[PDB]
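S.K.: Please find one structure pasted underneath; my questions will follow.
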Amino acid sequence: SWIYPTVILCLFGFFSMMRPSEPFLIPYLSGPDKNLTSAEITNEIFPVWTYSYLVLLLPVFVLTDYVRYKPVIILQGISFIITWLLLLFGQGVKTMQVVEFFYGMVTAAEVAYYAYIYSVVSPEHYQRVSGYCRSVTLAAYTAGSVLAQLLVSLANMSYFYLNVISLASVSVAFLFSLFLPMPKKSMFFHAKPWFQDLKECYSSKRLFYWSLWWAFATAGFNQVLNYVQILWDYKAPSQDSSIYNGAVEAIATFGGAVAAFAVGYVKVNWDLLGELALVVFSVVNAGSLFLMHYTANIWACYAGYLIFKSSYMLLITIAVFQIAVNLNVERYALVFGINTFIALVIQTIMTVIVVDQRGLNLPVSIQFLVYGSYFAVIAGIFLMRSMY
Ligand SMILES: Cc1ncc(CO)c(CN)c1O
């Protein structure tokens, strides 16, 4: 039987990713609510997240398969509560780094949220039940942003009370996380009867190239998903004009989900398609970041974020569909854990070079040209593959 754990897990997802303060965070921490300058949020505060998503990845995943997936989801709920309490009632550059630390632990426990399904659902309904739950998170986000923007452009509700709605939502998410069914078996440690198995893990080359491209694409997308709000703030300030970040980010998540659904029905020969369409949409992403660095009208930057998130979600759903062909249940999660680790090492190196203060200390103007060049180098590796 699988109805009730699916219901409790989907309620946790739909009230966990229902954060209306998530689009309007950079007009919040740069407005009169918290006196933090843009250089501080760009260079001294946000990179901590990437740091706190590397160091907190490898233990938490091992805490994921050891205490059977429940106290790490309860830890995600407590992390939600502490993070949005510190966003509501924290002032100073000390506190916002602590916000980024607990939110890195949130994003680390997100994989533990997506890995809960394979412990209480029977192996008949692995594809169906998970096929609902992830969609619920997107359904929590898009409408979760619309309830943001339709409460800002129509009611003049404060950003503080937008964060208050976020805190109440993650509190409901934590109260649904307390009534979770404690499962019985894990996937690796408490599985019913791996150093020497590693050659058995990586006895391929197709997995290697799709995993390396997944790693670079995930690092680039996480960096752009960090700093696109600071780019939106720099192209048009929040105090000057009534910016529409919630509606654009909701439409962007919607277009990404529809693009992934379109990837799910591609009846094209893969050896005939993947040599061209991958390169074409990589050039589309590179041109999107080139557009967001070059322009001055903020509407061109909104269109750039729309096209970038949609084309990325297309390419990364192609990546997941290629990687998940021959893998088992354990192989899928193990290989994606190691690839997420490689992606966060690459993202941490690129953040230490570019974004962070003791480094190049580049502002948000130079950064998006650097990330357009990053996706262009990925497309150049694909072009050299097209020579091969
Ligand atoms: C809480 C939080 N902090 C920082 C960032 C990076 O801008 C994000 C965006 N994922 C976020 O949700």
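All residue names refer to the structure tokens as shown: chains lettered A, B, ... in order, residues numbered from 1 in each chain, ligands numbered from 1 in order.
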Run DSSP on the backbone of this structure and report the residues of segment 182-293 of chain A it assigns to helix (DSSP H, G or I), as an MDAnalysis selection string.
M.R.: chainID A and resid 198:201 206:235 245:263 270:273 277:293
S.K.: Compute the set of protein, DNA and RNA residues whose minimum atom distance to ligand 1 is at most 6 Å, using only C-alpha atoms and all ligand atoms, and state it as JSON, numbers by chain.
M.R.: {"A": [22, 46, 100, 103, 226, 227]}
S.K.: For the atom pair atom CA of residue 140 of chain A and atom CA of residue 375 of chain A, what is the interatomic distance in Å to one decimal place?
M.R.: 29.1 Å
S.K.: Would you kindly return, as a ChimeraX atom specification, each protein, DNA or RNA residue with an atom no farther than 9 Å from any atom of residue 235 of chain A, considering only C-alpha atoms and excluding same-chain residues fewer than 5 positions away?
M.R.: /A:230,295-298,301
S.K.: Since we have the selection now, will you write its residues out, keeping C-alpha atoms, as a short mmCIF file (atom, residue, chain, number, x, y, z; two decimals), in the first residue's frame?
M.R.:
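Printed below is part-v3.cif as written:
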```cif
data_model
loop_
_atom_site.label_atom_id
_atom_site.label_comp_id
_atom_site.auth_asym_id
_atom_site.auth_seq_id
_atom_site.Cartn_x
_atom_site.Cartn_y
_atom_site.Cartn_z
CA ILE A 230 21.29 40.68 -8.64
CA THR A 295 21.22 44.62 -22.67
CA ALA A 296 19.99 47.68 -20.76
CA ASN A 297 16.21 47.25 -20.92
CA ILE A 298 15.22 44.96 -18.05
CA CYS A 301 16.92 40.41 -19.33
#
```
S.K.: Contacts between segment 255-262 of chain A and segment 124-199 of chain A, please, where a residue of segment 124-199 of chain A counts if it comes within 12 Å (with only C-alpha atoms); show its shortest atom pair and distance in Å to one decimal, rows by chain and ascending number, as a tab-separated table.
M.R.:
```
residue	atom	partner	partner_atom	distance
A:131	CA	A:261	CA	11.6
A:134	CA	A:257	CA	10.6
A:135	CA	A:257	CA	8.5
A:136	CA	A:257	CA	11.3
A:137	CA	A:257	CA	10.9
A:138	CA	A:257	CA	7.5
A:139	CA	A:257	CA	9.6
A:141	CA	A:257	CA	11.1
A:142	CA	A:257	CA	9.9
```
S.K.: Measuring between only C-alpha atoms, which one of A:74, A:383, A:231, A:67 shows the shortest distance to residue 190 of chain A?
M.R.: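 When distances to residue 190 of chain A are compared using only C-alpha atoms, the smallest one comes from A:67.
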S.K.: Taking into account only C-alpha atoms, which residue in the set A:20, A:304, A:183, A:193 is nearest to residue 290 of chain A?
M.R.: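 Ranked by minimum distance to residue 290 of chain A, first place goes to A:304.
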S.K.: Any idea what the distance is between atom CA of residue 21 of chain A and atom CA of residue 166 of chain A?
M.R.: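 Distance reported for this atom pair: 6.2 Å.
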S.K.: When you draw a straight line from atom CA of residue 237 of chain A to atom CA of residue 90 of chain A, how long is it in Å?
M.R.: 22.9 Å
S.K.: List the neighbours of residue 294 of chain A out to 10 Å using only C-alpha atoms; skip same-chain residues closer than 6 positions along the sequence, and give me the result as a VMD selection string.
M.R.: chain A and resid 288 300 to 301 365 368 to 369
S.K.: With distances taken over only C-alpha atoms, which residue among A:338, A:77, A:251, A:101 lies nearest residue 58 of chain A?
M.R.: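 Counting only C-alpha atoms, the residue closest to residue 58 of chain A is A:338.
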S.K.: Please provide the set of residues having any atom within 8 Å of segment 377-382 of chain A, restricted to only C-alpha atoms, with same-chain residues fewer than 6 positions apart removed, written as an NGL selection string.
M.R.: :A and (213 or 216 or 279 or 282-283)
S.K.: May I have the residues from that selection written out with N, CA and C atoms, as a compact mmCIF listing (two decimals), in the first residue's frame?
M.R.:
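again_25.txt, written as the output of this step:
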```txt
# COMPACT_ATOMS: atom_id res chain seq x y z
N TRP A 213 29.11 16.45 -18.74
CA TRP A 213 28.29 17.55 -19.22
C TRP A 213 27.18 17.90 -18.24
N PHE A 216 28.98 20.12 -15.51
CA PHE A 216 29.23 21.50 -15.91
C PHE A 216 27.93 22.28 -16.10
N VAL A 279 24.05 20.86 -29.48
CA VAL A 279 24.90 22.00 -29.79
C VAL A 279 24.05 23.25 -30.02
N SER A 282 22.71 24.49 -26.72
CA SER A 282 23.81 25.07 -25.96
C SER A 282 24.15 26.47 -26.44
N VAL A 283 24.12 26.68 -27.76
CA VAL A 283 24.31 28.02 -28.31
C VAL A 283 23.13 28.93 -27.93
```
S.K.: What's the 12 Å shell around segment 158-161 of chain A, counting only C-alpha atoms, without same-chain residues fewer than 5 positions away, as JSON, numbers by chain?
M.R.: {"A": [19, 20, 21, 22, 23, 24, 25, 26, 27, 28, 29, 30, 31, 32, 33, 34, 84, 85, 87, 88, 89, 90, 148, 149, 151, 152, 153, 166, 167, 168, 238, 246]}
S.K.: May I have the selected residues written with N, CA, C and O atoms, as a compact mmCIF listing (two decimals), in the first residue's frame?
M.R.:
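What landed in again.txt:
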```txt
# COMPACT_ATOMS: atom_id res chain seq x y z
N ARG A 19 7.19 29.10 -1.33
CA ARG A 19 7.92 30.20 -0.71
C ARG A 19 7.74 31.43 -1.58
O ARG A 19 8.46 31.59 -2.58
N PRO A 20 6.78 32.30 -1.27
CA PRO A 20 6.58 33.50 -2.10
C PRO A 20 7.69 34.52 -1.97
O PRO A 20 7.79 35.41 -2.81
N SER A 21 8.52 34.42 -0.95
CA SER A 21 9.64 35.35 -0.83
C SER A 21 10.82 34.96 -1.70
O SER A 21 11.77 35.73 -1.79
N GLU A 22 10.78 33.79 -2.30
CA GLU A 22 11.86 33.29 -3.14
C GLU A 22 12.12 34.14 -4.39
O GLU A 22 13.30 34.33 -4.73
N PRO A 23 11.12 34.68 -5.12
CA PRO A 23 11.50 35.60 -6.20
C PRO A 23 11.96 36.96 -5.70
O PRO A 23 12.93 37.51 -6.24
N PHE A 24 11.31 37.52 -4.69
CA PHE A 24 11.56 38.89 -4.26
C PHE A 24 12.60 38.97 -3.16
O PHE A 24 12.50 39.85 -2.29
N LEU A 25 13.59 38.09 -3.16
CA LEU A 25 14.61 38.11 -2.12
C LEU A 25 15.60 39.25 -2.30
O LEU A 25 16.00 39.89 -1.32
N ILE A 26 16.04 39.50 -3.53
CA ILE A 26 16.99 40.59 -3.76
C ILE A 26 16.36 41.98 -3.69
O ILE A 26 17.09 42.92 -3.35
N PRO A 27 15.07 42.24 -3.98
CA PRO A 27 14.52 43.53 -3.55
C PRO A 27 14.21 43.59 -2.07
O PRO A 27 13.90 44.68 -1.56
N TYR A 28 14.29 42.46 -1.36
CA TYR A 28 14.11 42.45 0.09
C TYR A 28 15.39 42.82 0.81
O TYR A 28 15.42 43.76 1.61
N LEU A 29 16.47 42.10 0.53
CA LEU A 29 17.72 42.34 1.23
C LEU A 29 18.47 43.56 0.72
O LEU A 29 19.47 43.95 1.33
N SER A 30 18.02 44.18 -0.37
CA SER A 30 18.61 45.43 -0.81
C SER A 30 17.71 46.63 -0.58
O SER A 30 18.14 47.76 -0.81
N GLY A 31 16.48 46.42 -0.12
CA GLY A 31 15.58 47.51 0.11
C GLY A 31 15.74 48.10 1.49
O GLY A 31 16.76 47.89 2.16
N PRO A 32 14.73 48.83 1.97
CA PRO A 32 14.78 49.38 3.33
C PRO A 32 14.53 48.36 4.42
O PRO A 32 14.55 48.73 5.60
N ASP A 33 14.27 47.10 4.07
CA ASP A 33 14.01 46.09 5.08
C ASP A 33 15.29 45.70 5.81
O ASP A 33 15.37 45.77 7.04
N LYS A 34 16.32 45.28 5.06
CA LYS A 34 17.63 44.98 5.63
C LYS A 34 18.68 45.78 4.89
O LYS A 34 18.81 45.65 3.67
N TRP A 84 14.22 30.92 7.46
CA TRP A 84 13.31 32.03 7.27
C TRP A 84 13.07 32.84 8.54
O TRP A 84 12.72 34.03 8.43
N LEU A 85 13.35 32.29 9.73
CA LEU A 85 13.44 33.15 10.91
C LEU A 85 14.62 34.10 10.82
O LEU A 85 14.52 35.26 11.22
N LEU A 87 15.93 35.17 8.01
CA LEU A 87 15.62 36.17 7.00
C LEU A 87 14.64 37.21 7.51
O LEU A 87 14.73 38.38 7.14
N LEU A 88 13.68 36.81 8.36
CA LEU A 88 12.75 37.78 8.91
C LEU A 88 13.39 38.67 9.97
O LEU A 88 13.10 39.87 10.04
N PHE A 89 14.26 38.11 10.81
CA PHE A 89 14.74 38.83 11.97
C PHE A 89 16.26 38.81 12.07
O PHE A 89 16.82 38.72 13.17
N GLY A 90 16.95 38.89 10.95
CA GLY A 90 18.39 38.97 10.98
C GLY A 90 18.93 40.21 10.29
O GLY A 90 18.56 40.50 9.15
N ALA A 148 3.14 35.19 -4.83
CA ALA A 148 4.04 36.31 -4.57
C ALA A 148 3.58 37.55 -5.32
O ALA A 148 3.15 38.53 -4.70
N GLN A 149 3.60 37.48 -6.65
CA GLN A 149 3.54 38.69 -7.45
C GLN A 149 2.14 39.27 -7.48
O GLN A 149 1.98 40.50 -7.43
N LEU A 151 0.29 39.22 -4.99
CA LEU A 151 0.13 39.95 -3.74
C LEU A 151 0.99 41.20 -3.67
O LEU A 151 0.82 41.99 -2.74
N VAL A 152 1.89 41.42 -4.62
CA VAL A 152 2.70 42.62 -4.64
C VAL A 152 2.14 43.65 -5.60
O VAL A 152 1.94 44.81 -5.24
N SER A 153 1.84 43.24 -6.83
CA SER A 153 1.36 44.19 -7.82
C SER A 153 -0.12 44.51 -7.67
O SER A 153 -0.63 45.37 -8.39
N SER A 166 5.96 32.94 3.72
CA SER A 166 6.93 31.86 3.53
C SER A 166 7.20 31.08 4.81
O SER A 166 7.30 29.85 4.79
N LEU A 167 7.31 31.79 5.94
CA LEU A 167 7.55 31.12 7.22
C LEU A 167 6.36 30.28 7.64
O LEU A 167 6.53 29.16 8.15
N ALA A 168 5.14 30.79 7.43
CA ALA A 168 3.95 30.02 7.76
C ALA A 168 3.84 28.78 6.88
O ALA A 168 3.45 27.70 7.35
N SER A 238 15.03 48.33 -7.79
CA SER A 238 13.71 47.99 -7.26
C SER A 238 12.98 49.22 -6.74
O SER A 238 11.75 49.28 -6.82
N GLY A 246 8.42 38.06 -9.67
CA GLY A 246 7.65 36.87 -9.35
C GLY A 246 6.96 36.27 -10.56
O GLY A 246 7.00 35.05 -10.77
```
S.K.: Find, counting only C-alpha atoms, the residue in A:187, A:316, A:81, A:112 that gets nearest to residue 164 of chain A.
M.R.: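 With only C-alpha atoms as the atom set, the closest residue is A:81.
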S.K.: Need to verify the contact set: residue 172 of chain A, 12 Å, only C-alpha atoms, exclusion of same-chain residues closer than 5 positions in sequence. Can you return it as a ChimeraX atom specification?
M.R.: /A:8,11-19,77-78,80-81,165-167,177-179
S.K.: Under the rule that only C-alpha atoms are counted, which of A:371, A:66, A:202, A:312 is the nearest residue to residue 327 of chain A?
M.R.: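 For residue 327 of chain A, the nearest of the candidates is A:202.
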S.K.: With distances taken over only C-alpha atoms, which residue among A:73, A:62, A:106, A:384 lies nearest residue 275 of chain A?
M.R.: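 Closest residue, counting only C-alpha atoms: A:384.
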